[PDB]
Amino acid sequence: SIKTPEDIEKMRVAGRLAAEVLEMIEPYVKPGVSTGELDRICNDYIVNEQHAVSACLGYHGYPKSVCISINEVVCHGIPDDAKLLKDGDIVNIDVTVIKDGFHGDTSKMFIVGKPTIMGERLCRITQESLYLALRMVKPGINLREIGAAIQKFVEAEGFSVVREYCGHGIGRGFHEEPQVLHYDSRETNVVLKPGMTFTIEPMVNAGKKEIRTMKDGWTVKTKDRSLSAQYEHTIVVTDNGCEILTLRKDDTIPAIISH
């Protein structure tokens, strides 16, 4: 569907709130803190300050408000009061809030304590793959091209792209069409049109692409247990490019990308 100007404004508000949760939580992401408390802090902020609601809580049965994945955990890490961040960890906090019926979806990586070379690199490269994808977004381009570009860049680094998960259209629904693959697929055939709103959220493994789901029915780790990183932004396709709806102060890319 092509969001109307009214819907797009609502997406701007929802996206801003999602981004601000990530900005707000940053100071708390330090050695010693539990992912459980981080989740509590995020939920209180969303509910009490943003007067919004986490879209993840209860989604497909998801138990928490935000997803927090550490190191080898690829995605859907479940916040837990007994899981503490430690020096060297790379942590993804993925937020999705619903405000006035619309969803804002975004995640970023946080480096805890003293960063490790592989960690800094995996995170920087993963974000750059998101960035290069964003710089390609504009009417007429096919999503297949974007997924192809992300994969090419990532694999050039000797990393791999997780295939089981993808970006997605977003709006009044958390996950709407189309699917936004972060790799080249002969199944992908979607030409971008202005007004389309979707996410780009590549999951990149330092090692092999294969994954493993744990036994809590949610946590996903790399099969080989290598590090995995992810960054995500919600965007709206504009007439000559796109507008990042979930941009943060620490983002090193413009909100409005012109072509």
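Just count from 1 along the sequence shown to find any residue number.
Stretches 208-216 and 221-229 differ in mean C-alpha B factor, with the higher average recorded for 208-216.
In this entry, 185-193 has the higher mean Cα B-factor, the comparison being between 146-154 and 185-193. Of the candidates 178, 113, 101, 77, the one whose C-alpha carries the top B factor in the deposited record is 113. Highest CA B-factor among the listed residues (83, 108, 168, 172): 83. Among all modelled residues in its chain, residue 62 ranks in the middle third by Cα B-factor. Among all modelled residues in this chain, the alpha-carbon of residue 134 has a temperature factor (C-alpha) in the middle third. The PDB entry assigns residue 237 a C-alpha temperature factor belonging to the highest third of its chain's modelled residues.
Placement of the Cα temperature factor of residue 89 within the chain: middle third of the modelled residues, per the deposited record. Looking at the C-alpha B-factors along this chain, the one for residue 117 belongs to the highest third.
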